[PDB]
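Structure file model.csv with CSV, C-alpha atoms:
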```csv
chain,number,residue,atom,x,y,z
A,915,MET,CA,-6.4,10.9,-24.0
A,916,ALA,CA,-2.8,10.1,-24.3
A,917,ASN,CA,-0.6,7.9,-22.0
A,918,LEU,CA,-0.1,10.1,-19.1
A,919,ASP,CA,1.8,7.4,-17.3
A,920,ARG,CA,4.5,9.8,-16.4
A,921,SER,CA,4.0,10.9,-12.8
A,922,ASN,CA,0.9,8.8,-12.3
A,923,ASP,CA,3.3,5.9,-12.7
A,924,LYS,CA,5.3,6.8,-9.6
A,925,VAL,CA,2.1,6.9,-7.7
A,926,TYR,CA,0.5,3.9,-9.4
A,927,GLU,CA,3.9,2.3,-8.8
A,928,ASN,CA,4.3,2.5,-5.0
A,929,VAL,CA,0.8,1.4,-4.7
A,930,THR,CA,1.3,-1.7,-6.8
A,931,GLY,CA,5.0,-2.3,-6.0
A,932,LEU,CA,4.1,-2.3,-2.3
A,933,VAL,CA,1.0,-4.4,-3.0
A,934,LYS,CA,2.8,-6.8,-5.4
A,935,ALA,CA,5.0,-7.2,-2.3
A,936,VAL,CA,2.3,-7.4,0.3
A,937,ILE,CA,1.4,-10.6,-1.4
A,938,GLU,CA,4.8,-11.9,-2.6
A,939,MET,CA,6.2,-11.1,0.8
A,940,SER,CA,3.5,-13.4,2.2
A,941,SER,CA,4.9,-16.2,0.1
A,942,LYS,CA,8.5,-15.6,1.1
A,943,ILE,CA,7.1,-14.7,4.5
A,944,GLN,CA,6.6,-18.2,5.9
A,945,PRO,CA,10.2,-18.9,5.2
A,946,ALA,CA,11.5,-15.3,5.6
A,947,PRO,CA,13.4,-15.4,8.9
A,948,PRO,CA,13.0,-12.8,11.7
A,949,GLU,CA,16.2,-11.2,10.4
A,950,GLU,CA,15.0,-10.9,6.9
A,951,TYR,CA,11.4,-10.3,7.9
A,952,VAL,CA,12.0,-7.4,10.3
A,953,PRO,CA,13.1,-5.3,7.3
A,954,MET,CA,10.7,-7.0,4.9
A,955,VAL,CA,7.7,-5.4,6.6
A,956,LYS,CA,9.8,-2.3,7.4
A,957,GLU,CA,10.2,-1.9,3.6
A,958,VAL,CA,6.5,-2.1,2.9
A,959,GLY,CA,6.1,0.6,5.6
A,960,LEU,CA,9.0,2.6,4.1
A,961,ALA,CA,7.3,2.6,0.7
A,962,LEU,CA,4.2,4.1,2.3
A,963,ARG,CA,6.3,7.0,3.5
A,964,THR,CA,7.4,7.9,0.0
A,965,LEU,CA,3.9,6.9,-1.3
A,966,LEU,CA,2.4,9.6,0.9
A,967,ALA,CA,4.7,12.2,-0.7
A,968,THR,CA,3.9,10.7,-4.1
A,969,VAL,CA,0.2,11.1,-3.4
A,970,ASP,CA,0.8,14.8,-2.8
A,971,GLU,CA,2.1,15.0,-6.3
A,972,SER,CA,-0.9,12.9,-7.4
A,973,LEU,CA,-3.4,15.0,-5.6
A,974,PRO,CA,-3.2,17.4,-8.5
A,975,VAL,CA,-2.6,14.6,-11.0
A,976,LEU,CA,-6.3,14.0,-10.4
A,977,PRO,CA,-9.2,16.4,-10.8
A,978,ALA,CA,-10.7,18.2,-7.8
A,979,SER,CA,-13.2,15.7,-6.4
A,980,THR,CA,-11.1,12.9,-5.0
A,981,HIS,CA,-9.2,14.9,-2.4
A,982,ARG,CA,-10.8,14.2,0.9
A,983,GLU,CA,-11.5,10.5,0.0
A,984,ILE,CA,-7.9,10.3,-1.1
A,985,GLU,CA,-6.7,11.8,2.1
A,986,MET,CA,-8.9,9.5,4.1
A,987,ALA,CA,-7.6,6.7,2.0
A,988,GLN,CA,-4.1,7.5,2.9
A,989,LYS,CA,-4.8,7.1,6.6
A,990,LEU,CA,-6.7,3.9,5.7
A,991,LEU,CA,-3.6,2.3,4.1
A,992,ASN,CA,-1.3,3.5,6.9
A,993,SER,CA,-3.8,2.1,9.4
A,994,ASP,CA,-3.4,-1.5,8.2
A,995,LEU,CA,0.3,-0.7,7.8
A,996,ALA,CA,0.6,0.4,11.4
A,997,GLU,CA,-1.2,-2.8,12.5
A,998,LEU,CA,0.9,-4.7,10.0
A,999,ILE,CA,4.1,-3.3,11.3
A,1000,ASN,CA,3.1,-4.3,14.8
A,1001,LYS,CA,2.1,-7.7,13.7
A,1002,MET,CA,5.7,-8.1,12.5
A,1003,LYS,CA,7.4,-6.7,15.6
A,1004,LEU,CA,5.5,-9.5,17.3
A,1005,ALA,CA,5.9,-12.2,14.7
A,1006,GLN,CA,9.6,-11.4,15.1
A,1007,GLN,CA,9.3,-12.7,18.7
A,1008,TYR,CA,6.3,-14.9,18.1
A,1009,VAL,CA,8.3,-16.9,15.6
A,1010,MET,CA,11.2,-18.4,17.6
A,1011,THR,CA,8.6,-19.8,19.9
A,1012,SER,CA,6.6,-22.1,17.7
A,1013,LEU,CA,3.3,-20.4,17.0
A,1014,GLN,CA,4.7,-18.8,14.0
A,1015,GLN,CA,2.5,-20.1,11.2
A,1016,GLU,CA,-0.2,-18.9,13.5
A,1017,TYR,CA,0.8,-15.3,13.8
A,1018,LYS,CA,2.3,-15.3,10.4
A,1019,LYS,CA,-1.1,-16.2,9.0
A,1020,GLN,CA,-2.6,-13.2,10.7
A,1021,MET,CA,-0.3,-11.0,8.7
A,1022,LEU,CA,-1.6,-12.6,5.5
A,1023,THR,CA,-5.1,-11.5,6.5
A,1024,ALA,CA,-4.1,-7.9,6.5
A,1025,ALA,CA,-2.2,-8.5,3.2
A,1026,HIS,CA,-5.7,-9.3,1.8
A,1027,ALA,CA,-7.3,-6.0,3.0
A,1028,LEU,CA,-4.0,-4.3,2.2
A,1029,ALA,CA,-4.0,-5.2,-1.5
A,1030,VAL,CA,-7.6,-3.8,-1.4
A,1031,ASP,CA,-6.7,-0.8,0.7
A,1032,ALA,CA,-4.0,0.1,-1.9
A,1033,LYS,CA,-6.6,-0.5,-4.5
A,1034,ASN,CA,-9.4,1.6,-2.9
A,1035,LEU,CA,-6.6,4.2,-3.0
A,1036,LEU,CA,-6.2,4.5,-6.7
A,1037,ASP,CA,-9.6,3.0,-7.3
A,1038,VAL,CA,-11.0,6.3,-6.1
A,1039,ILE,CA,-8.4,8.3,-8.0
A,1040,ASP,CA,-9.3,6.3,-11.1
A,1041,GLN,CA,-12.8,7.7,-10.6
A,1042,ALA,CA,-11.2,11.2,-10.6
A,1043,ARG,CA,-8.9,10.8,-13.5
A,1044,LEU,CA,-12.0,10.1,-15.6
A,1045,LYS,CA,-13.9,12.9,-14.1
A,1046,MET,CA,-11.4,14.9,-16.1
A,1047,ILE,CA,-11.2,12.9,-19.2
A,1048,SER,CA,-14.9,13.1,-19.9
A,1049,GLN,CA,-15.2,16.8,-19.2
A,1050,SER,CA,-12.6,19.0,-20.8
A,1051,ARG,CA,-9.1,17.7,-21.6
A,1052,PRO,CA,-6.6,20.5,-21.6
A,1053,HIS,CA,-3.3,19.2,-22.8
```
Using the file provided, produce a representation of the structure as structure tokens.
Amino acid sequence: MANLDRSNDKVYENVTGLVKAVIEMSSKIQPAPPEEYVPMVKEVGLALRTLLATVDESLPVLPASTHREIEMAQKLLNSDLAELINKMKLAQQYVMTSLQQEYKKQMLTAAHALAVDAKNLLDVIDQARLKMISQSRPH
């Protein structure tokens, strides 16, 4: 029952990091221009990429039982992402018009589910990690 925040940190990081941004980005979103936003979102999406790989390393980090769910969760996050990425690709063009705050708001919405999505990700894992704790700790 030590602090195994070694590799679980990398996994728990992306999740948070991306999340912490999902929100923050929302704040600096309104202002964030179409030149600084295009990437902004691109970043969140980029993080996912690495996150996926990170998960693979986390897969084992957790006890057998939170595999499928985890896998299904990955697609879950991406989902919102994909829809989030598109939202941007549009906002980028639906900003110079005038109905920015409108479309921009939409993004926020996802940001809400996103934060959760990312949560439900580890949330499940958290249920696994324990599955190991209260069972038979090896190392």
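The shortest atom-to-atom distance to residue 1015 of chain A, with all atoms listed in the file taken into account, belongs to A:943 out of A:1047, A:943, A:936, A:986.
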*Suppose you want the space between atom CA of residue 950 of chain A and atom CA of residue 1023 of chain A; what is it in Å?*
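So the two atoms, atom CA of residue 950 of chain A and atom CA of residue 1023 of chain A, lie 20.1 Å apart.
Atom pair atom CA of residue 1046 of chain A / atom CA of residue 932 of chain A: separated by 27.0 Å.
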Proximity of segment 934-986 of chain A to segment 1016-1019 of chain A: per-residue shortest pair, 12 Å limit, all atoms listed in the file, as CSV:
```
residue,atom,partner,partner_atom,distance
A:939,CA,A:1018,CA,11.2
A:940,CA,A:1018,CA,8.5
A:941,CA,A:1018,CA,10.7
A:942,CA,A:1018,CA,11.2
A:943,CA,A:1018,CA,7.6
A:944,CA,A:1018,CA,6.9
A:945,CA,A:1018,CA,10.1
A:946,CA,A:1018,CA,10.4
A:947,CA,A:1018,CA,11.2
A:948,CA,A:1018,CA,11.1
A:951,CA,A:1018,CA,10.7
A:955,CA,A:1018,CA,11.9
```
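Atom to atom, atom CA of residue 1006 of chain A and atom CA of residue 957 of chain A stand 14.9 Å apart.
Distances to residue 988 of chain A were evaluated for A:969, A:1013, A:1030, A:925 using all atoms listed in the file, and the minimum falls at A:969.
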*asked:* From the options A:1027, A:985, A:933, A:916, which residue's atoms come nearest to residue 967 of chain A, counting all atoms listed in the file?
replied: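 When distances to residue 967 of chain A are compared using all atoms listed in the file, the smallest one comes from A:985.
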Near-residue 927 of chain A list (10 Å; all atoms listed in the file; drop same-chain fewer than 6 positions) as a PDB file with C-alpha atoms, keeping the file's coordinate frame:
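around23.pdb was written with the following content:
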```
ATOM      1  CA  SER A 921       4.000  10.900 -12.800  1.00  0.00           C
ATOM      2  CA  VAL A 933       1.000  -4.400  -3.000  1.00  0.00           C
ATOM      3  CA  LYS A 934       2.800  -6.800  -5.400  1.00  0.00           C
ATOM      4  CA  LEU A 965       3.900   6.900  -1.300  1.00  0.00           C
ATOM      5  CA  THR A 968       3.900  10.700  -4.100  1.00  0.00           C
TER       6      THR A 968
END
```
Some atoms are absent from segment 1027-1047 of chain A, so rebuild N, CA, C and O atoms and return them as a short mmCIF file (atom, residue, chain, number, x, y, z; two decimals), in the coordinates of the input.
```
data_model
loop_
_atom_site.label_atom_id
_atom_site.label_comp_id
_atom_site.auth_asym_id
_atom_site.auth_seq_id
_atom_site.Cartn_x
_atom_site.Cartn_y
_atom_site.Cartn_z
N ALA A 1027 -6.65 -7.35 2.93
CA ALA A 1027 -7.30 -6.00 3.00
C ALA A 1027 -6.32 -4.99 2.45
O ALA A 1027 -6.76 -4.02 1.83
N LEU A 1028 -5.04 -5.22 2.68
CA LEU A 1028 -4.00 -4.30 2.20
C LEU A 1028 -4.17 -4.11 0.70
O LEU A 1028 -4.50 -3.02 0.23
N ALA A 1029 -3.92 -5.19 -0.03
CA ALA A 1029 -4.00 -5.20 -1.50
C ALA A 1029 -5.24 -4.31 -1.88
O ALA A 1029 -5.16 -3.50 -2.80
N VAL A 1030 -6.33 -4.54 -1.17
CA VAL A 1030 -7.60 -3.80 -1.40
C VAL A 1030 -7.37 -2.34 -1.05
O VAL A 1030 -7.65 -1.44 -1.85
N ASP A 1031 -6.90 -2.14 0.17
CA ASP A 1031 -6.70 -0.80 0.70
C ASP A 1031 -5.93 0.02 -0.39
O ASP A 1031 -6.36 1.12 -0.75
N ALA A 1032 -4.83 -0.54 -0.86
CA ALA A 1032 -4.00 0.10 -1.90
C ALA A 1032 -4.87 0.34 -3.13
O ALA A 1032 -4.71 1.35 -3.82
N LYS A 1033 -5.76 -0.61 -3.38
CA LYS A 1033 -6.60 -0.50 -4.50
C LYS A 1033 -7.62 0.62 -4.35
O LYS A 1033 -7.69 1.54 -5.17
N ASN A 1034 -8.37 0.54 -3.26
CA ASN A 1034 -9.40 1.60 -2.90
C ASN A 1034 -8.70 2.95 -3.04
O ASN A 1034 -9.38 3.95 -3.25
N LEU A 1035 -7.38 2.95 -2.89
CA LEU A 1035 -6.60 4.20 -3.00
C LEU A 1035 -6.73 4.77 -4.38
O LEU A 1035 -7.34 5.82 -4.58
N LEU A 1036 -6.14 4.05 -5.32
CA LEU A 1036 -6.20 4.50 -6.70
C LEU A 1036 -7.58 4.35 -7.26
O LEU A 1036 -8.05 5.23 -7.98
N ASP A 1037 -8.23 3.26 -6.89
CA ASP A 1037 -9.60 3.00 -7.30
C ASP A 1037 -10.36 4.33 -7.36
O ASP A 1037 -10.96 4.68 -8.37
N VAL A 1038 -10.32 5.02 -6.23
CA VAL A 1038 -11.00 6.30 -6.10
C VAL A 1038 -10.42 7.29 -7.11
O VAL A 1038 -11.16 7.94 -7.85
N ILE A 1039 -9.10 7.36 -7.12
CA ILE A 1039 -8.40 8.30 -8.00
C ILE A 1039 -8.86 7.99 -9.46
O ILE A 1039 -9.14 8.91 -10.21
N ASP A 1040 -8.91 6.71 -9.79
CA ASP A 1040 -9.30 6.30 -11.10
C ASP A 1040 -10.65 6.96 -11.47
O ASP A 1040 -10.88 7.34 -12.62
N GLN A 1041 -11.50 7.09 -10.46
CA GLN A 1041 -12.80 7.70 -10.60
C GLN A 1041 -12.65 9.20 -10.88
O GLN A 1041 -13.52 9.83 -11.48
N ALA A 1042 -11.53 9.74 -10.42
CA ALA A 1042 -11.20 11.20 -10.60
C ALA A 1042 -10.66 11.40 -11.97
O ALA A 1042 -11.20 12.19 -12.74
N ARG A 1043 -9.57 10.71 -12.24
CA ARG A 1043 -8.90 10.80 -13.50
C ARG A 1043 -9.93 10.96 -14.65
O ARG A 1043 -9.83 11.84 -15.51
N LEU A 1044 -10.91 10.07 -14.61
CA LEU A 1044 -12.00 10.10 -15.60
C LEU A 1044 -12.75 11.37 -15.53
O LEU A 1044 -13.00 12.01 -16.54
N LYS A 1045 -13.12 11.72 -14.30
CA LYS A 1045 -13.90 12.90 -14.10
C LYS A 1045 -13.32 14.06 -14.95
O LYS A 1045 -14.04 14.97 -15.33
N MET A 1046 -12.03 13.95 -15.23
CA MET A 1046 -11.40 14.90 -16.10
C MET A 1046 -11.47 14.59 -17.54
O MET A 1046 -11.84 15.43 -18.36
N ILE A 1047 -11.15 13.34 -17.85
CA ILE A 1047 -11.20 12.90 -19.20
C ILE A 1047 -12.51 13.34 -19.86
O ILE A 1047 -12.51 14.22 -20.72
#
```
